[PDB]
Amino acid sequence: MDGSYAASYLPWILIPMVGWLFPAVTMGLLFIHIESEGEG
Amino acid sequence: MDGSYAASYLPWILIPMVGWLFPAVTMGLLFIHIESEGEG
Amino acid sequence: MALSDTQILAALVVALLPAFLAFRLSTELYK
Amino acid sequence: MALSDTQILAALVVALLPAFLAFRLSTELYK
Amino acid sequence: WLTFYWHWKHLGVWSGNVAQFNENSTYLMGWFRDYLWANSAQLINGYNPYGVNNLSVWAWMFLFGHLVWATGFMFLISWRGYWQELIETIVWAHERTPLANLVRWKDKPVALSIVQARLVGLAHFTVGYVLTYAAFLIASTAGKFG
Amino acid sequence: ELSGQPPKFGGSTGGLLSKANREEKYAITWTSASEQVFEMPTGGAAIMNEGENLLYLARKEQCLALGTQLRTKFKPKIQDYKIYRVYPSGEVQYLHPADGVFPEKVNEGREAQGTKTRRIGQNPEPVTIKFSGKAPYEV
Amino acid sequence: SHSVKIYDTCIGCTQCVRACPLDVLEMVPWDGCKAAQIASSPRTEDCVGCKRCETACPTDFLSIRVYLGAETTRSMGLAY
Amino acid sequence: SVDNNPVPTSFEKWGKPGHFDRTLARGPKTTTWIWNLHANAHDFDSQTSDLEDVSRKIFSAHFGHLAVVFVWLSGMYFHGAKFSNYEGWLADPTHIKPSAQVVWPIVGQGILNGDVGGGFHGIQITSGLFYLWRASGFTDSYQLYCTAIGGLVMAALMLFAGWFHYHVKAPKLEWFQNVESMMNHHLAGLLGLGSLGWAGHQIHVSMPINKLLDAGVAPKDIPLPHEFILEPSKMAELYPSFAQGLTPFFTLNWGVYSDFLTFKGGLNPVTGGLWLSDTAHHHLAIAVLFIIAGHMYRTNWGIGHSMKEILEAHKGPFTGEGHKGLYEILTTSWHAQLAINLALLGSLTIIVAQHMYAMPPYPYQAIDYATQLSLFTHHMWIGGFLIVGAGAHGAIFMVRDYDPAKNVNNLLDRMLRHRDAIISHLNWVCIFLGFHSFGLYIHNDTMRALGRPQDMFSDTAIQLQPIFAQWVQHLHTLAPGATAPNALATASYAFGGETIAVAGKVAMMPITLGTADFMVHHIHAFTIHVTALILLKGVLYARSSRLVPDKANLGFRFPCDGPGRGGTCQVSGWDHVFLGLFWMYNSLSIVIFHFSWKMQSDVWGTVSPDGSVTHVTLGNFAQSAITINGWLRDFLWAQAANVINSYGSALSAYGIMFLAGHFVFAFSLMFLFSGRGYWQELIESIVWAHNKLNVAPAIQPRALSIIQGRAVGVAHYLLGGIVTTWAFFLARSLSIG
Amino acid sequence: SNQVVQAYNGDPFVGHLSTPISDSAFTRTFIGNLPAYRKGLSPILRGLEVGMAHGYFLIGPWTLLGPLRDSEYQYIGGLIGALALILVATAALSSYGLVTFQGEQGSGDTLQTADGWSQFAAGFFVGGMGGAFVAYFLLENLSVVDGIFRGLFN
Ligand code: CLA
Ligand code: CLA
Ligand code: CLA
Ligand code: CLA
Ligand code: CLA
Ligand code: CLA
Ligand SMILES: CCCCCCCCCCCCCCCC(=O)OC[C@H](COP(=O)(O)OC[C@@H](O)CO)OC(=O)CCCCCCCCCCCCCCC
Ligand SMILES: CCCCCCCCCCCCCCCC(=O)OC[C@H](COP(=O)(O)OC[C@@H](O)CO)OC(=O)CCCCCCCCCCCCCCC
Ligand code: SF4
Ligand code: SF4
Ligand SMILES: [Ca+2]
Ligand SMILES: [Cl-]
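Chains as they are written, first to last, in this note's numbering: chain P, 516 to 555; chain W, 516 to 555; chain X, 102 to 132; chain L, 102 to 132; chain U, 1301 to 1446; chain D, 2 to 140; chain A, 6 to 85; chain F, 281 to 1017; chain G, 684 to 837.
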């Protein structure tokens, strides 16, 4: 994969960030939140 | 070392298994057993 | 003509502002 | 002629059976 | 029905062969053959053993929509209590398996509710319906004309 | 404490899970004139002893299905079973029959709960009780 | 827990109490019917929501009504 | 012990429907009554509580069913003799296709009377009746007419026997419970003596006209089947072993008969059928083994076995009290016997389907690809339906006839005690199999769509070679001469050998097994395991579960125990049958699709005179059947062109049913996706409209019951899908050529 | 008697069976001496041993079947896949431990506390990436391991 557009390193870094880092972080935070036995 | 016989990778894996893995595992299990202060 | 690298990075720096504002609005809507 | 690789592996798969049976006999003789 | 009619009329109009619609839409075998079967040929050859073309994504999405529609058929046809009993056996299996008994669920696994079953099956049915027809529409029109 | 001999059983996979030692279990005690075979509500057959029998089950419904079997599937009808709820702290709460009389027969001292002095069709409209947190049947 | 309500068309046939598999209902003395008994639901925390009592009720537009509400371990019938 | 005139014969109770059910006999109040009536007709255990009268009803119903089957067979022989071209096909097999149905010219339907050969206009029959009739030695229309008349007479005899054994002279219960004699009478009787008589028929009648028709004799020049038995000189003219008579049979010298009783194997290379000498020797060996088997059990002379004692002796350290009690179950419960018989008969029909294609036993059946495909698919579907019925009647026995006091620590009680372990491990196996077969297909579709064919699962990529099946095929190929020394050829050429090339067409070749075969066989394993999981969970949890502990009190056939406990709809054994029906349907659709594609791709086709074979779909199965898209495009889309371009021709009826099944399946979804509360409220609105014009019926209309809605849905689903696949398969295989 | 199938821990009403798979002497002495159950172990040692075994075997599937298997960086791709999977597994383990042991801490197993499960997750991380790198270092210099096992250098 490559790109002739400006800042072609940005899909290179952001496709794993939006595909792996963002959903793993979001589901981890949501899993910790929806099982929180804090008050109710 | 090599072999013209069938499955010549088997001495390659089994000489360290019978020389190292089997006696170390056997003496470890036997050392744990003969020092067991369980009942008598 | 095509855009520049600095244009794209400046747009992402700009997009940091509605990200923070959406965080604030979702936090305020949560309570 | 010489034996095959599959012959040797089948013999080892067969030898798994007296291994289990010797484990059973030694365990039963221990008690 | 309306999108099938609109697309078959526009395929007849755009290609100039309106006679296919004018002599074959009056019976349903014409709809089956001259619209559904004929216009899938470029779509399902988006990928084949000989290679791919630009319609590969539409063939994959066509199959994906078929799969999601049929997955909705599960929740639509089979109902809750069978699944609740099956999940009870799976719960038993987890509670008796060593090195996995160290792991416990925080919420008790149950089957989906009856309304949830209907909603989930309908959602899959609708997603599959939409994706299947969108893949067929885009691939047939972009292969014949685009 | 709860007394009775456990019915002789080979064991089954349908019995108590970790909920029994974690949240609650249930117990059913009954006196038997003879030694005969009953059906476990968790699948299979067990043999109940002569005299007192104490059985531990996962749900109240399993104990009550066993009690229905005891009242209906034996020629001398076992009509004296007691069903209890057992907590992991050790406290045993008596459940059934609560007043000593089976609930299909009336008894004095039973208070009417869940009884409505209006008919089914004279429940008020939901629009009259909006933003109150209570249903038409709760008012 | 689910809510079990008994309305004043009850004629004290005790069929809802006999049909209930979880001992939710009793029959208490009453005066509104010739049988002089009305069904009651003191043990709705054990109710699972099976509506067998509704099926057993012979009055047209049943005098017993089960409303599924808050779901518990007892109400979902969980042995685990 | 036979009763004398138990039930009188009167015409009065025919006119009052619902006599058999006590609730039905009050009269109709709702329409459900009518729907209850047909639903309650054959449930004999529910109408009467005594086992004796239930057995009487079953015996008379069995005679009625045999009468129905005889009427069907008589109609088949009548349609093969008057309205057929068996004359004309028999002199010229490979120019004329079989056709045994003639359709009147009305409303334009005479187009279906297609040109099949020899100036005939009729529907090309694909059941294979002509090939079996040739294999039996039939040569004239008058003998087929005689067989039809004899079938009508036997149907009348079956009807009279049913009337006699229900109304006049009817047996007692211990006649039925004497199963020790019944098994001897069925093994040494029905099967053994029937196969001995058919071996005698083979050797005397079916072999001569078959071998003369294979030699080249015209069918009119073969005189008639009886004149062989009139003069034994014709056998010694043709099979020269018929010179010593019956002397080598009784004097341990059976090698004299090694001229009409052989061990060749393979196929006859004039017809493509099995060798008739091989089948006669097989039938004789089967007869002798079955006579030997039918002297196992004690009947009336104190010699034999007790099945109870054999069962009670089988117990081990793992299984407690073992097989204690199973004799009492299988002698008191009709449903338990029906379950195990349906399982074994469905497995047998599937075994018949799998054995018949690879060893074609009828002349010119193998080169008729339509007949081969039709017979395989029909017998597959029959077997799958019977296995579902087996699961059904196992659950019915569990609800009705099971007794826990009389099964303590035997096998069945221990099944019920570890059903959680059984079902959970079967669940894990089903998930594992679904992943590691269908996800392999999904992987392949994705890697082909992404332009990565070197990453697929295929023979030209990551290989999944079925090496055990290949090794067994190799062992079958080296069987005849090393491990089967007296066998001349292999058992079937599908295992390995050479291609039989009867006429210009193929009959059998080595069916090679590669990655696609591995994938589709594990798909079969997966789907069979899921159908088994559904039916076995329905059997093992028919009485109770952790969800509903009193399920046996609710019965076998009930919709639910209410919306509570989260929701308990489809907990009954009947609903497990309902779900297993769809899963068996899915399993068998994939099995017959695998069969059709592999036979058209790697077996069937046209043989060149040089020895090369051009296949029907040119070997595309190795590269296209590894993806779902390949199954969609190269199998479904490509081969449906025959069924959709059939309009205006004789195959157009196959077009119409191709539409028609598509209707019924979709119609089924109305019943499958909806619930009866909506339909009842809609019916209330239509009754109000009928109240306005005073057309309200006295029998009040209701919506269908929940169980009946599910039953209508599954029936219409299976009917529409099976009719669609039937139309597609037949219009493809009547156009393969 | 001779019956090898008994009630689980002598209670026939607990939903389990004493089987030669579930409750044989070999089963108890093997499972109870696995690191997750071995008596006296600190939870970091349990996690360390579990991680070493798991990270060592997780090298293999992407090494032999992954998309880099036909390139010159086959062992590299196997290692990166194993490291990323061990990272996801460690995140899942630590999130499970944070969720499960929110409230009171038991006085029984040290493993089944928030402190012990965090120690176990730390050990699992260290062992997983250690086992993955030691299996990669064996596979990348597999020629040297082969020459060592055949005495080619000596
Ligand atoms: C909502 C509109 C929208 C959509 C559908 C997409 C879609 C996409 N973007 Mg994109 N983008 C957007 C807005 C959007 N963008 C905006 C406003 C900017 C800033 C000017 C960017 C800057 C951007 C860059 C720099 C890159 C992409 C890329 C991509 C592709 C991969 C995803 C990714 O890495 O995102 C990364 C996106 C960002 C880092 C910017 C955040 C995007 C906006 C500001 C957030 C919107 C949130 C949304 C509206 C909230 C509701 C969501 C809903 C689920 C509830 C994908 C086609 C990649 C690409 O080209 O692949 C080929 C890539 O490198 N985008
Ligand atoms: C007791 C007889 C016996 C003896 C003395 C040996 C000796 C040897 N074998 Mg051997 N082997 C045997 C039986 C035996 N084998 C059998 C029956 C098989 C299966 C068909 C094999 C299969 C086998 C393979 C595949 C290989 C060897 C190899 C070797 C050599 C190295 C040791 C090793 O790696 O073992 C490995 C052995 C096994 C994995 C198989 C287990 C051996 C048997 C079944 C166990 C016998 C246990 C014993 C009788 C118990 C009493 C022992 C006593 C101390 C109390 C060594 C010369 C290696 C070699 O060729 O090196 C050049 C090698 O690669 N063997
Ligand atoms: C009968 C069995 C046996 C075998 C097969 C060997 C084999 C070997 N010995 Mg040896 N030795 C033995 C008995 C044996 N010895 C005995 C009984 C004695 C004396 C009492 C000696 C004394 C001896 C000396 C004094 C020396 C050797 C050395 C060596 C090695 C020379 C090559 C080298 O550098 O290895 C390098 C490889 C290793 C040391 C082991 C490699 C094992 C793997 C690759 C590493 C671990 C992998 C992983 C983390 C664990 C896997 C987990 C799971 C899959 C099992 C060679 C492998 C020399 C040596 O060790 O050199 C370093 C050396 O100096 N030997
Ligand atoms: C040896 C075979 C055999 C036998 C003896 C029985 C016997 C019995 N079964 Mg059974 N069953 C069988 C095979 C068999 N079945 C198979 C193969 C299946 C799987 C599909 C089932 C599934 C099954 C269920 C699910 C149930 C039974 C029930 C019953 C009992 C009453 C039957 C009844 O209601 O009749 C009346 C039958 C009907 C009203 C059905 C007629 C409608 C069918 C579906 C039409 C089929 C379409 C037709 C082929 C083509 C339509 C043409 C049209 C377009 C013109 C009785 C004990 C029932 C019972 O009460 O259990 C005790 C019950 O609930 N069975
Ligand atoms: C095509 C539609 C479809 C599909 C996919 C399924 C799938 C399944 N059914 Mg099913 N079912 C269907 C239609 C379908 N059904 C219909 C119409 C009915 C009505 C009669 C039923 C009735 C039914 C019953 C009654 C039973 C099942 C069972 C099963 C399971 C079998 C075990 C298995 O294969 O696990 C493996 C799972 C699959 C093969 C599904 C596909 C997985 C894909 C290939 C992998 C996806 C990768 C990844 C996860 C994607 C994530 C994306 C990311 C962004 C998150 C499985 C979940 C049985 C069961 O639970 O047994 C264990 C069972 O008892 N079903
Ligand atoms: C800016 C703050 C920050 C940073 C740099 C890190 C960095 C790290 N965390 Mg972490 N974490 C954070 C905040 C942070 N965390 C918070 C606030 C929580 C509480 C929810 C966690 C909970 C958490 C767990 C439960 C685990 C880690 C782990 C890790 C390491 C693995 C790499 C990783 O997660 O992706 C790099 C991360 C970032 C670029 C940003 C992370 C910031 C968000 C808030 C983390 C969300 C939590 C999520 C469940 C963990 C991510 C998993 C990963 C697969 C994406 C890494 C050193 C794992 C490990 O190995 O620890 C020993 C592990 O098991 N973290
Ligand atoms: C495809 C072929 C190549 C792969 C074969 C793989 C075999 C799979 C593993 C072996 C299964 C062993 C069961 C027999 C061994 C067996 O019969 O043991 C014998 C034992 C009965 O012992 P007793 O001495 O008590 O028996 C006396 C008997 O007469 C009954 O009273 O049965 C049990 O313990 C039941 C538990 C079976 C638990 C295993 C469940 C089987 C699930 C797997 C089924 C897979 C079949 C796969 C092949 C079709
Ligand atoms: C491939 C072709 C299609 C085959 C698909 C079939 C799937 C198998 C479905 C079997 C379930 C039924 C077994 C009884 C289970 C059961 O009873 O069914 C369910 C339903 C009634 O069940 P309920 O639970 O409502 O019954 C309550 C009663 O139990 C108490 O009164 O019965 C019917 O649907 C009656 C309607 C029959 C319609 C009568 C129409 C006349 C058709 C007769 C012609 C038949 C073919 C004759 C030969 C040509
Ligand atoms: S819904 Fe079921 S459990 Fe609840 S009161 Fe009615 S019968 Fe009893
Ligand atoms: S949806 Fe229908 S089948 Fe399911 S619980 Fe409710 S009434 Fe019963
Ligand atoms: Ca690659
Ligand atoms: Cl493809």
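From the three backbone atoms N, C-alpha and C, an ideal C-beta is built for every residue, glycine too.
Residue i (DSSP reduced to helix, strand or coil)
i, result
"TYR997 (chain F)", "helix"
"residue 1030 (chain F)", "There is no way to answer for residue 1030 (chain F), as the model of chain F reaches only from 281 to 1017."
"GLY52 (chain D)", "strand"
"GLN389 (chain F)", "helix"
"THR897 (chain F)", "coil"
Cutoff 8 Å: residue i Cβ touching any chain U Cβ
i, result
"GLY786 (chain G)", "no"
"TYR85 (chain A)", "yes"
is_contact[residue i, chain G] using C-beta, thresh 8 Å
i, result
"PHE598 (chain F)", "yes"
"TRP535 (chain W)", "no"
Spatial neighbours of residue i in its chain, beta-carbon cut-off 8 Å, leaving aside the 5 residues before and after
i, result
"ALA498 (chain F)", "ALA371"
"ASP735 (chain F)", "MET727, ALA741 and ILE742"
"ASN687 (chain F)", "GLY605, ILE609 and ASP693"
Chain F contact for residue i (CB, 8 Å cutoff)
i, result
"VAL687 (chain G)", "yes"
Chain-ordered chain D contacts of residue i [CB-CB under 8 Å]
i, result
"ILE43 (chain A)", "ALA113 and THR116"
Closer than 8 Å to chain W by CB, residue i
i, result
"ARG833 (chain G)", "yes"
Residue-chain proximity (residue i, chain P), Cβ-Cβ < 8 Å
i, result
"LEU117 (chain X)", "no"
"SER801 (chain G)", "no"
Contacts that residue i makes with chain F (C-beta to C-beta distance below 8 Å)
i, result
"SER13 (chain D)", "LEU696, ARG697 and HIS698"
Chain-ordered chain U contacts of residue i [CB-CB under 7 Å]
i, result
"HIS699 (chain G)", "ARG1396"
Element boundaries [alpha helix (DSSP H), containing residue i]
i, result
"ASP333 (chain F)", "331 to 361"
Close-in-space but distant-in-sequence residues of the same chain around residue i (CB under 6 Å, 5 per side omitted)
i, result
"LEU529 (chain W)", "none"
"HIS447 (chain F)", "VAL287 and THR289"
Enclosing beta strand (DSSP E) for residue i [first to last residue]
i, result
"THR32 (chain D)", "26 to 33"
"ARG86 (chain D)", "83 to 87"
9 Å Cβ cut-off: residues of chain P touching residue i
i, result
"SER127 (chain X)", "Within chain P, no residue comes near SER127 (chain X); the closest Cβ sits about 13 Å away, beyond 9 Å."
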